[PDB]
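Asks: So I pulled this structure from the PDB, and the sequence comes with it:
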Amino acid sequence: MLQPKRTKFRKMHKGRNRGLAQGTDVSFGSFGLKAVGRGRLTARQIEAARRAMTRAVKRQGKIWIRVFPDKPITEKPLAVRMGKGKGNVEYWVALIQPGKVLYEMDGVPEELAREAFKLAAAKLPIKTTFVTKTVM
Amino acid sequence: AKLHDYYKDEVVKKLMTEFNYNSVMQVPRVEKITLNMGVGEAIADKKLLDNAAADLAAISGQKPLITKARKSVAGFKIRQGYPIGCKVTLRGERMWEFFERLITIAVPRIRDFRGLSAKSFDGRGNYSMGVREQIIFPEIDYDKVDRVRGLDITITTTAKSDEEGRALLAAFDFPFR
Amino acid sequence: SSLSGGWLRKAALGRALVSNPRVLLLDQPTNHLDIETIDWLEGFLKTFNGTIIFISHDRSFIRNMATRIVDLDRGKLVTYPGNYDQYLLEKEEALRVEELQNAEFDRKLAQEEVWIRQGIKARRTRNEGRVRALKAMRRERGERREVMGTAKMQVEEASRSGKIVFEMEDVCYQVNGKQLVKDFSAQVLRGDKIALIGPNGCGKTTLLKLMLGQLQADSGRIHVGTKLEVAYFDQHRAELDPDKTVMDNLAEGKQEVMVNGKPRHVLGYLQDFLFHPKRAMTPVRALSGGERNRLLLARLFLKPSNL
Amino acid sequence: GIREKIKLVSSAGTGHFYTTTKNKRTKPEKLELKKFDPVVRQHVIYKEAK
Amino acid sequence: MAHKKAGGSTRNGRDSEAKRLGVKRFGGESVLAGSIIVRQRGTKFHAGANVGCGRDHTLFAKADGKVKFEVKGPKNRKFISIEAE
RNA sequence: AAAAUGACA
RNA sequence: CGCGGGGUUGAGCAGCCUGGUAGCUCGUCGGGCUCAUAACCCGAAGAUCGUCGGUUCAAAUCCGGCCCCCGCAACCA
RNA sequence: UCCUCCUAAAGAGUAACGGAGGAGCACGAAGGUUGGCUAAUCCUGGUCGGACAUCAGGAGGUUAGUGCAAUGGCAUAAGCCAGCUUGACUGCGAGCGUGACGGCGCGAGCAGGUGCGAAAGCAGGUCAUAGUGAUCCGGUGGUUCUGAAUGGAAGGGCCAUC
RNA sequence: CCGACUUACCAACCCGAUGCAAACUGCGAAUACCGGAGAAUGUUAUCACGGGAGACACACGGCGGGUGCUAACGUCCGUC
Ligand SMILES: Nc1ncnc2c1ncn2[C@@H]1O[C@H](COP(=O)(O)OP(=O)(O)OP(=O)(O)O)[C@@H](O)[C@H]1O
Ligand SMILES: [Mg+2]
Ligand SMILES: [Mg+2]
Ligand SMILES: [Mg+2]
Ligand SMILES: [Mg+2]
Ligand SMILES: [Mg+2]
Ligand SMILES: [Mg+2]
Ligand SMILES: [Mg+2]
Ligand SMILES: [Mg+2]
Ligand SMILES: [Mg+2]
Ligand SMILES: [Mg+2]
Ligand SMILES: [Mg+2]
Ligand SMILES: [Mg+2]
Ligand SMILES: [Mg+2]
Ligand code: NA
Ligand code: NA
């Protein structure tokens, strides 16, 4: 499910999502899925976009997940008045800036890679794109 | 003592000519004989250290320094400050005088003796040793005894590596296997 | 520095009487005396012209000499009329009734804590004339525990000793003036319980010293048992330094007492002897006479012993 | 709140006292400290009291 | 009808007063004697020439002058000193 | 003083 | 989606009350009594104290998160 | 009510039934000085003895420690040990900091006596920040300050304290 | 006892590469704040003392945030 084991503090401030990304370049595999939009990418969209990648090439190559949620999101229950504390933790999300390589793959031909990546992007709430490793 | 007068000119020349030494100090010298037993089971009785301390004092003519627990350990059921063992460090004539009696009138009384182990070295040319029984010394009466107290003797030398640490002890007739 | 325990006590009863006091305060007068000394002292004090206050644990000395009797139970002292056996009867009623009312107070406080955490209901308030009273009941529980606690004890049996513990024949030890033991011949076997009795200063304490080899027999030789684990209780305690802490004197300055089967106990050995765990660093000199007697008793029953 | 307040009455006769605390269940001994006595303006021995 | 739902509590929510620590006389200020320069909790600034340190590690002037901030020392630990004016 | 019970053929 | 209490060898229950101590009765096993079974007598075994952490030298006990259960409260329109 | 951190926007301050923990103490040494010393952890060798006890030498360099939370500090140690000790003194205090005030705090230096050191010196409690309660009323000790005609006394005042 | 041994694994520590953090920092601005000097400008705009007050229910808009669902003409702070 990609939820952290043994964090330090349970709840965390909302924060903001400004600036560009850091993992801009393909480093482990040979093809990668780059993000063009901004948003928060939960832990279940990571999995549902990893089933849609494994089940496409069906056995071959390695799939790398470059991102990890490590960020609690809290939600008050239904029909609660405001205050009286902070909401109990529900799920974990990872913050995404433009230019961040989310998944990346190795050992699969490029044309098979494009269709495999086109099926994972359908499960993510951000406009992604297909990128190719360069010598750099 | 009666071994130092031998070393200062003979063991020097038995090693200067052997290991190709141009200086009387590139040859190693043995500088101290630390000696201690960890009584450990003194949790039941303090007399298990009050009488045990008189055993090192009866071998080495020096009153032992009681050691203590450095860090609390739950498994052994001790905490900081317990007296759990006595220790003696010998230097000088008392180092050589004890060195004489151990390798002459104490080693040959070890039960089931088949040489001295040679692989017990710590990469820098120091020797460690155990005895498994303290009655091998001519200072134990067999009537003042109540347990089977052993010892750990760690000859500490200035040799730069193990392979010449043997030479320092071998030149003293050390019964290496 | 030479007299026996009975004679040393006699000297302390004289030094407190040279002044011829109008008020005689005798803390434990009959401790190491024999029947003859106690019999004589019961007439010395009766004739004594002044006034006597004394603390005695002799249930037979008290009856012969006690005009009035005083409790000093738990910070309050109350008197009693009649002979000595009256006090035992009247005190037991004081303990029973106080036990009877103590349980009733807990009964109210028990059912006043089911009510504090009960549900409120619809629009009610939970009177604070009862919450504050419960606050006063919980605060009042910092009170005296009426039963001191009947201190519980248990011994540490060890492996059986040799069938012969002590054997001494032809042994004849004599102090300068008079003979204490003259040509003794006796044996002490396993599981034999022996009581040394006699007059004052007749060698009871020194006889044990011969057995343990404290001092050497003049002649005759003594042979000791072969698997003995002696536990020794001296006349004058002398095995506790009065300044060392209570915890360290008990079990020789170490934790991890051995109780019953295996050493799974530490410092809980005090709770069996009604030592509060808070007062564990008290120097031994501060303790009362009876408290110090039990503490020396506690650490003898703390180690394996055949003797 | 084990510690109990005490005062050290001067042995120099002049009515004077410092006050302090003392753990009475672990310190059966009575303090005897040398401290200033401003009435006599000398360092005297102060012994425990109420 | 179930209109108003019960609500929980917060286990925390207590804090303490602010101690107003910091530097009271910045560099280049002509300051008198015995006055306070910087309030500390440890010793982030050490005591240089003509200044002292209280039990609170408060740094105070000893003689009048100007305030100097400097970084002398093998471990690059900051000092404060006062000149002679 | 205590002393209960035992498939059918 | 708020409040109290509980979870301890096969069963029931103490020990949580200011932290070092795991026990009581029934049961289970092995002998004995009886023609045999009950009852009786004499001896043993059996628990990581719901689970995951955190302080403490030391946690069944103190603190936090979850899992199961049981009571209680959900009022004024 | 009090202490520590974040929110708090690089001086100070700054709210919420915001996110996390603590205190109502301890100590005649755990305080003052004068000497001396330097950890965690892992590797190798060694009687029982081990994953973890004591010991020896290597790497490492404070990841250790601090009477008890967190933060800031600490090798000149503020941590560890020992000798001698009572400055855990009396009267004051330039000049500052922080509060609406009540108040709270830091303080060179002056005088009187004292401790340690050969001295230069340091010492007006504890590495710092929590460990706390106004006034009124009353109790105890000291002090001719007052004393309802006068001499006392009572009762008030001032100082120390409950 | 020895592990005599295979390894789809639960994984310390180290090595090379790649990310995250309000309660992490071996780095680190813009602004703001404190003090000093200078000209120009401003019918003292500064401070102290004294007489008289009112006010202590704020609202929205921009920027930086806590909470809420980066909901609310929501709520609570900083600055304008
Ligand atoms: N240290 C000593 N020096 C000299 N005489 C001594 C010493 N100890 C004991 N004695 C003497 O030895 C005799 C026996 O003394 P001990 O202590 O054995 O008495 P005891 O029989 O145990 O009597 P009690 O019941 O009175 O204590 C006495 O006469 C006593 O005075
Ligand atoms: Mg039936
Ligand atoms: Mg600030
Ligand atoms: Mg700012
Ligand atoms: Mg200290
Ligand atoms: Mg020093
Ligand atoms: Mg100190
Ligand atoms: Mg402190
Ligand atoms: Mg008059
Ligand atoms: Mg008066
Ligand atoms: Mg108002
Ligand atoms: Mg308002
Ligand atoms: Mg407002
Ligand atoms: Mg509004
Ligand atoms: Na005697
Ligand atoms: Na007594």
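Replies: Nice, thanks for sending it over. Numbering: from 1, shown residues only, chains lettered A, B, ... in the order given. Ligands and ions are numbered 1, 2, ... in the order given.
Asks: hmm, who's touching stretch C:221-240?
Replies: For stretch C:221-240, the external contacting residues (Cβ atoms under 8 Å, 6 or more residues apart in numbering or on different chains) are C:5, C:32, C:158-162, C:164-171, C:205, C:210-213, C:249, C:284, C:292-293, C:295-297, C:300-301, C:303-307. The C-beta positions use only the backbone N, C-alpha and C, and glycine is treated the same way.
Asks: Now it: buried residues?
Replies: Using 16 or more other Cβ atoms under 10 Å in any protein chain shown as the test for burial, stretch C:221-240 gives C:222, C:224, C:225, C:228, C:231, C:240.
Asks: Mind checking which of the contacts of stretch C:221-240 are buried?
Replies: By neighbour count, with 16+ other Cβ under 10 Å, the contacts of stretch C:221-240 hold C:5, C:32, C:161, C:165-168, C:171, C:205, C:210-211, C:249, C:284, C:292, C:295-297, C:301, C:303, C:305-307 as buried.
Asks: So which of these sit within helices?
Replies: When DSSP state H defines the helices, the subset of these inside them is C:5, C:205, C:210, C:211, C:249, C:292, C:295, C:296, C:297.
Asks: Quick check: the fifth one vs residue E:51, distance?
Replies: What that stands for is residue C:249. Using Cβ to Cβ, to the nearest Å, we find residue C:249 at a distance of 54 Å from residue E:51.
Asks: Tell me who's in contact with the residue positioned nearest the centre of chain B.
Replies: Nearest residue to the geometric centre of chain B (Cα atoms, centre = their mean): residue B:153, 2.4 Å. Residue B:153 is in contact with B:33, B:34, B:35, B:102, B:128, B:129, B:130, B:131, counting by Cβ under 8 Å, 6+ apart.
Asks: Can you tell me which of these are buried?
Replies: Buried among these (16+ other Cβ under 10 Å): B:33, B:34, B:35, B:102, B:129, B:131.
Asks: Next, count neighbours for the nearest residue to the last one once chain neighbours are set aside.
Replies: Nearest non-adjacent residue to residue B:131, counting by Cβ to Cβ, 6 or more residues apart in numbering or on different chains: residue B:151, 5.0 Å away. The number of residues packed around residue B:151, counting by other Cβ atoms under 10 Å in any protein chain shown, is 20.
Asks: OK, contacts around residue B:151?
Replies: By Cβ under 8 Å, 6+ apart, the residues touching residue B:151 are B:35, B:36, B:37, B:56, B:130, B:131, B:134.
Asks: before we move on, what about residue C:25?
Replies: By Cβ under 8 Å, 6+ apart, the contact set of residue C:25 is C:53, C:54.
Asks: strand partners of the strand or helix carrying it, parallel vs antiparallel please.
Replies: Under the criterion of DSSP states H and E, residue C:25 resides in strand C:23-27. Under the criterion DSSP bridges, strand C:23-27 sits next to strand C:51-55 (parallel) in its sheet.
Asks: in the strand it pairs with, what's buried?
Replies: Going by 16+ other Cβ under 10 Å, strand C:51-55 has these buried residues: C:52, C:54.
Asks: go on, stretch C:241-259?
Replies: For stretch C:241-259, by 16+ other Cβ under 10 Å, it's C:246-252, C:254-259.
Asks: Now intersect these with the strands, please.
Replies: Taking DSSP state E, every one of those sits outside strands.
Asks: can you redo the residues you listed as a markdown table with distance to residue A:115?
Replies: Converted to a markdown table, the buried residues of stretch C:241-259 look like this (distance: Cβ to Cβ, whole Å):
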| residue | distance to residue A:115 |
| --- | --- |
| C:246 | 82 |
| C:247 | 78 |
| C:248 | 80 |
| C:249 | 84 |
| C:250 | 81 |
| C:251 | 79 |
| C:252 | 81 |
| C:254 | 76 |
| C:255 | 71 |
| C:256 | 71 |
| C:257 | 76 |
| C:258 | 76 |
| C:259 | 75 |
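Asks: Out of those residues, the closest to chain B would be?
Replies: Distance to chain B across the buried residues of stretch C:241-259 (Cβ to the nearest Cβ) is lowest for residue C:252, with 4.7 Å.
Asks: if we can go back for a sec, would a markdown table of the buried ones among the contacts of residue B:153 with secondary structure and distance to residue C:14 be doable?
Replies: Shown next, in a markdown table, are these (DSSP: H, G, I helix; E, B strand; the rest coil; distance: Cβ to Cβ, whole Å):
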| residue | secondary structure | distance to residue C:14 |
| --- | --- | --- |
| B:33 | strand | 62 |
| B:34 | strand | 61 |
| B:35 | strand | 58 |
| B:102 | helix | 63 |
| B:129 | strand | 66 |
| B:131 | coil | 61 |
